[PDB]
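Asker: My sequence and its experimental structure, below.
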6 protein chains.
Amino acid sequence: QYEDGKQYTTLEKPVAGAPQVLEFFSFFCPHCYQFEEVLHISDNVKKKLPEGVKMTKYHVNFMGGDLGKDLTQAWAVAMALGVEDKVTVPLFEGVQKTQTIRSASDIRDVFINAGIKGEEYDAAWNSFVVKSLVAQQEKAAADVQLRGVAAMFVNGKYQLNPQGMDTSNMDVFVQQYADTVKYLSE
Amino acid sequence: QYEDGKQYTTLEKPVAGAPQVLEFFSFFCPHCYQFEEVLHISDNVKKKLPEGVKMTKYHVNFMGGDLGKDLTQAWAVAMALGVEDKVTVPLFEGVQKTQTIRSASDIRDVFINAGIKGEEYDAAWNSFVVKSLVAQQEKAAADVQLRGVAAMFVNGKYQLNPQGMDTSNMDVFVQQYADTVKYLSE
Amino acid sequence: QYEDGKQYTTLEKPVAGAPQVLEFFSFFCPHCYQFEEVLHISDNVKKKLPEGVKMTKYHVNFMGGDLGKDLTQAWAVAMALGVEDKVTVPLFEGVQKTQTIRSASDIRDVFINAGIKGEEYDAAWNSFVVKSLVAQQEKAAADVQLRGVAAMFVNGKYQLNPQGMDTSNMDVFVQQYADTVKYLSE
Amino acid sequence: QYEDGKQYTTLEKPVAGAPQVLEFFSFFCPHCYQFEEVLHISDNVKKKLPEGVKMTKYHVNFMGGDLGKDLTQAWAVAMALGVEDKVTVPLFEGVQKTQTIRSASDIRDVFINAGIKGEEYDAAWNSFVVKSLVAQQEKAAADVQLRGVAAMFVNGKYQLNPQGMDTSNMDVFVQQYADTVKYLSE
Amino acid sequence: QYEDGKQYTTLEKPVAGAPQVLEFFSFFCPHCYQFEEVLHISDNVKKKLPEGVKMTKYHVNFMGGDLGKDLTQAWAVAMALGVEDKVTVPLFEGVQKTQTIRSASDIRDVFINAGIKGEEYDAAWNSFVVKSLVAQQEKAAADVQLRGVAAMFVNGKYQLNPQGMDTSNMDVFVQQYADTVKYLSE
Amino acid sequence: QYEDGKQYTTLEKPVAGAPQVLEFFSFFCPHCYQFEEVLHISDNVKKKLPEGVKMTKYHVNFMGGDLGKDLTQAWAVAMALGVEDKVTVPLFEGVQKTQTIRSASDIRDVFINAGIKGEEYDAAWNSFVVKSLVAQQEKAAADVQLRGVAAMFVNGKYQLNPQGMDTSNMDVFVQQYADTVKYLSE
């Protein structure tokens, strides 16, 4: 069955005000690229979420240095304009696969190609909303004392532990994962 | 009497989760020195504050560039250790009066001379608490779409307007100011 | 009547060569903002000054640290170009009201908008005249052993004392102030 | 005989209020070291000056950057304490010969070894007198539009031109120099 | 001839950064309805403007409450899309003449009928450019301390004064008005 | 037990940079003579102070008028020469007991008899260290807003309240007094 220490551990300092399903990642995170592109953990977890429970994705600085910071802003922008779905994959592929995203410019060019108007990306980039979203992201990462580049917590109480799941068969891993979320979301 | 647009304006986007009495400042903001060292606004406002209402101070980046950022973290440290009272003035004098705080090191010694153990300051400086506090401070300044270096907000609804008070007599200005806060704190 | 210790005190070291009416200020001083914009002391004093007696204004460094120093050079430039009246208010507002003057560039902006050609402000800024003016300002603040950011001295002998004037009614205060100057200017 | 352009040139902007014999120098200047230690210009000029005419020495900043500034304030303390004779040489050697004066502490010890109590050197250092004396030096340098580190002006009207004197024999140069000052000092 | 107080007054606080020709209005202001439809001020002024000087129109809130806000944003959209000419009249008639615009929806249908795609209007409506344009309009009105719903300023220095022009004959008032602009625009 | 308002009160404006144990007196002060000569408060307090904590005595001007100022410089001289123990009692007796100190001379005769050479007493008197020390004493008195001629502060926070101690038995008063200091010195 689901046991603490098994497919999930519990925070000795539960984070209040934390979103129901919180995932941190990085466009530099290789397995995170796998979780999205290949496994589709996001979708499969989102599909089994009770009505009302929303999935939140923050990005982390620790990896990439400056491009690490710029990507976080770009994610905030992505969140502000609501074009996450449009830009998530191209950002992963541009950074890791095609290795075409070497600077802020390249990230811009990604949003532009997804349909966002240069002038608007730039407006958004400099907005206060984005400014606060970034700080929001940076704070959430600090509150749960995030050590790694990827992690997912539920209700700021628990943290998913994939190292504690049947990894022999991915299709099993996925379902077991999604399940632990839904289970923990109550 | 107290009117919106007179001694205080209202935010078109009330910030939820914001502290009751929030003041933004910078150790580079010289006129702010006069507020602390000369006028003692903080004290006078804190003295006329209803029971429960708490005064909150956040530092801002925009001014001093890097030293600006370091000072902000330092303020986060000050908050984390609860040594605000001990380090405020020295920090003001060091940066502005004596001009001896030209680097993070100098900021460390101000705290040191205030009684904080170098080792401990250095511990807090890299703590997650402080990392979070800084983000908290950055976020808040964005939420209230802060434009300048100084300002004060009550209940995330109103923003004090000193430009709308009797400045002819400071003793009058101070009381009138402290009054607008208490009044707006309900 | 006018008594030493009442509306004015006398220097135990009368400064020789000091201008007839000498006022020290800083575009960072609260009290100073009021005196100019609100009470208009400068005007009211200048208006009751006997024929010949000139009013001299010097800016002070102790406050603002580097900006303090820069504003002082800017004031020397103001004097160098004879544009005092043009730039006084803007500087007070930019620094204290709109909080737009955060650096030397900003102080420069103000001169340009007031009609001074960028190239000419820049020329004056680096002139020996201005270099001297500053020194002149710095020396005077030291000769009268200036402890604060604002003060007025007459004939290098007396220092006005507003703390010893009827502050209950500003229109009275102003007149009483202006009178003490005229009185002391002989 | 003595001709403008020969052993002296005249200022196109005679400085009013300037000392009778005004010499500018630097504890970093070679020419200035030669003059004092080897040539003894000061003495010889002072020995031929009419009764009443006083020789005045001011230090310049433009050389040594910060130590340049520290040396100037030190010179002012020298002037404030009246120990110019006691410290002139040691400062010249400490800087140029033994190269032991690398910081403000080094200047201090020199005064200490010259008989000035530390506590007092320190007191003088922060005095208003010194503060003024520095500014005084700083202005005077500006007024005569000093381009170089060394130079001598008489009555704010003329500037000695050693380049135009007989330099083949040092004892002739010194006398000839000492003479142009006495001549110009009337 | 053109005299201050006659066909134009001058701001005691000239706004720096304000556009050359800045007009404020509201789709609720009858006065404005008259100026556009009947008098054609805008056209006449624009026709007499020197090469380079651009005419700018900002809308204002204080009139219409919420609909006042929506029109402001709708104006911003008109500006963002550059369809001012296409929608100005219909907005005036719809609000004032036919009185058909009773809600944000009616504004959208107007743009739609003018030739803007619903999807595109909706895009622009939410864009950041527009969000900024709105803030831009809101601030400009504040900088010039606009009291009325309608006003026109030139170079942030002068404010046109129609109340001091020959109103007996409209064709004269218009010409007189356009002229004051052209004159004041230098 | 020790309660605020009981044997001590607290400053609503704690003084930063203030010595650990500060005592203000005047050689004109009566109970100060008791405290020293009879009670020996100074000794008994200094004898119970933690290692490192130093006792500091400043003199006040408000009493004696000019002799008051003179006595304050003379105390400054005592401090600079470090002869406080030698001259304290004599000054008390000369002023109050034998009434032989009626002018500066008389105070000088005291120093000379204590062993200080006239010439040295005179050098010290005019030193910058004494000038500064005086200023230091005057400032401190003001910072703690000293109202009376005598008072003792600990850590710039607390002010001893002898009016709230068992005065029935002096040996009790003493200990209780010295105790409250030690207690407050932490």
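Answerer: Thanks, I have the structure now. Residues are numbered from 1 along each chain as shown, chains lettered A, B, ... in the order given.
Asker: Please, where are all the helices along chain A?
Answerer: Per DSSP state H, chain A carries helices over the ranges A:30-33, A:41-47, A:66-81, A:84-92, A:104-113, A:118-126, A:128-143, A:170-184.
Asker: Can I get these in TSV including mean neighbour count and distance to chain B?
Answerer: Where you see a C-beta, it was placed from the backbone N, CA and C, and this is true even at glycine. Output for the helices of chain A, formatted as TSV (neighbours: other C-beta atoms under 10 Å in any protein chain shown; distance: least, C-beta to the nearest C-beta, whole Å):
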stretch	mean neighbour count	distance to chain B
helix A:30-33	16	22
helix A:41-47	17	25
helix A:66-81	21	11
helix A:84-92	18	20
helix A:104-113	18	19
helix A:118-126	18	12
helix A:128-143	21	3
helix A:170-184	17	23
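Asker: just so I know, which of those helices lies nearest residue C:147?
Answerer: Set against residue C:147 and scored by C-beta to C-beta, these come closest in helix A:128-143, at 41.6 Å.
Asker: any idea how far stretch A:36-46 is from the chain center?
Answerer: 11 Å (C-alpha atoms, centre = their mean, to the nearest Å).
Asker: Return the distance of whatever residue of chain A ends up closest to chain C relative to residue A:139.
Answerer: Closest contact between chain A and chain C, by C-beta to the nearest C-beta, is at residue A:128 (16.6 Å). Look at residue A:128 and residue A:139: by C-beta to C-beta, to the nearest Å, they are 16 Å apart.
Asker: that older thread, so what's the residue of chain A closest to chain C up against?
Answerer: B:142-143, B:145 (C-beta atoms under 8 Å, 6 or more residues apart in numbering or on different chains).
Asker: let's go with 7 Å and repeat that
Answerer: Going by C-beta atoms under 7 Å, 6 or more residues apart in numbering or on different chains, residue A:128 touches B:142, B:145.
Asker: again, but for residue A:4
Answerer: Contact analysis of residue A:4 by C-beta under 7 Å, 6+ apart lists residue A:10.
Asker: Quick check: beta-bridge partners of it?
Answerer: Beta-bridge partners of residue A:4, counted by DSSP bridges, are residue A:8.
Asker: From residue C:123, how far out is the residue of chain A closest to chain C?
Answerer: Residue A:128 is 39 Å from residue C:123, where distance means C-beta to C-beta.
Asker: Same check on residue A:143?
Answerer: When C-beta to C-beta is applied, the distance between residue A:143 and residue C:123 equals 54 Å.
Asker: so what's residue A:152 up against?
Answerer: Listed by C-beta under 7 Å, 6+ apart, the contact set of residue A:152 reads A:22-23, A:159-160.
Asker: If we use 8 Å, what do you get?
Answerer: By C-beta under 8 Å, 6+ apart, the residues touching residue A:152 are A:21-24, A:159-160, A:181.
Asker: Is it bridged to anything, and to what?
Answerer: Beta-bridge partners for residue A:152, by DSSP bridges, are residue A:23.
Asker: Tell me how many other residues crowd residue A:14.
Answerer: Residues near residue A:14, counting by other C-beta atoms under 10 Å in any protein chain shown, number 13.
Asker: What is the burial count for the nearest residue to residue A:30 once chain neighbours are set aside?
Answerer: Sequence neighbours aside, residue A:96 is the residue nearest to residue A:30 in space, at 6.6 Å (criterion: C-beta to C-beta, 6 or more residues apart in numbering or on different chains). Counted with other C-beta under 10 Å, residues neighbouring residue A:96 total 16.
Asker: Correct me if wrong: residue A:96 contacts residue A:31.
Answerer: No - using C-beta atoms under 8 Å, residue A:96 makes no contact with residue A:31, being 10.7 Å away.
Asker: Apart from its neighbours in sequence, what residue is nearest the residue of chain A found nearest chain F?
Answerer: Chain F sits closest to residue A:142 of chain A, with a gap of 31.7 Å, by C-beta to the nearest C-beta. Among residues not flanking residue A:142 along the chain, residue B:132 sits closest, at 3.9 Å (C-beta to C-beta, 6+ apart).
Asker: Same question for residue A:33.
Answerer: Among residues not flanking residue A:33 along the chain, residue A:92 sits closest, at 4.8 Å (C-beta to C-beta, 6+ apart).
Asker: For whichever residue of chain A sits closest to chain E, give its distance to chain D.
Answerer: Nearest residue of chain A to chain E, counting by C-beta to the nearest C-beta: residue A:123, 3.6 Å away. Residue A:123 is 45 Å from chain D, where distance means C-beta to the nearest C-beta, to the nearest Å.
Asker: can you tell me which residues contact that residue?
Answerer: Contacts for residue A:123 (C-beta under 8 Å, 6+ apart) come out as E:127-129, E:131-132.
Asker: Got phi/psi on residue A:15?
Answerer: phi -80, psi 120 (degrees, to the nearest 10).
Asker: so residue A:108 makes contact with residue A:118?
Answerer: Yes - counting by C-beta under 8 Å, residue A:108 sits close enough to residue A:118 to count as a contact (7.2 Å).
Asker: Touching both of the two, which residues are there?
Answerer: Common neighbours of residue A:108 and residue A:118 are not found (criterion: C-beta under 8 Å, 6+ apart).
Asker: Please name the residues that touch the residue nearest to residue A:108 when sequence neighbours are not counted.
Answerer: Computed as C-beta to C-beta, 6+ apart, the closest residue to residue A:108 that is not its neighbour in sequence is residue A:121, at 5.8 Å. Neighbouring residues of residue A:121 by C-beta under 8 Å, 6+ apart: A:77, A:81, A:108, A:111-112.
Asker: Export these to CSV and append columns for distance to residue A:154.
Answerer: Output for the contacts of residue A:121, formatted as CSV (distance: C-beta to C-beta, whole Å):
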residue, distance to residue A:154
A:77, 27
A:81, 27
A:108, 34
A:111, 30
A:112, 35
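Asker: hmm, back to that, what's the spacing between the residue of chain A closest to chain E and residue A:81?
Answerer: Residue A:123 sits at a distance of 10 Å from residue A:81 (criterion: C-beta to C-beta).
Asker: same question, residue A:39
Answerer: Residue A:39 is 26 Å from residue A:81, by C-beta to C-beta.
Asker: so residue A:87 sits right up against residue A:114, yeah?
Answerer: Yes - look at residue A:87 against residue A:114 with C-beta under 8 Å: they come within range, at 5.3 Å.
Asker: Name all residues that make contact with the nearest residue to residue A:91 once chain neighbours are set aside.
Answerer: The shortest distance from residue A:91 to any non-neighbouring residue, by C-beta to C-beta, 6+ apart, is to residue A:27 (5.0 Å). By C-beta under 8 Å, 6+ apart, the residues touching residue A:27 are A:59, A:64, A:71, A:91-92, A:95-96, A:101.
Asker: Among the residues you listed, which one sits closest to residue D:177?
Answerer: Looking across the contacts of residue A:27 and measuring by C-beta to C-beta, the closest to residue D:177 is residue A:64, at 68.3 Å.
Asker: so what's the closest one up against?
Answerer: So residue A:64 contacts A:26-28, A:71 (C-beta under 8 Å, 6+ apart).
Asker: would you list the residues you listed in JSON lines and tack on distance to residue D:51?
Answerer: Below are these laid out as JSON lines (distance: C-beta to C-beta, whole Å):
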{"residue": "A:26", "distance to residue D:51": "85"}
{"residue": "A:27", "distance to residue D:51": "86"}
{"residue": "A:28", "distance to residue D:51": "84"}
{"residue": "A:71", "distance to residue D:51": "81"}
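Asker: any idea how far residue B:108 is from the closest residue in space to residue A:76 that isn't next to it in sequence?
Answerer: Nearest residue to residue A:76, sequence neighbours excluded (C-beta to C-beta, 6+ apart): residue A:133, at 3.7 Å. As defined by C-beta to C-beta, residue A:133 lies at a distance of 32 Å from residue B:108.
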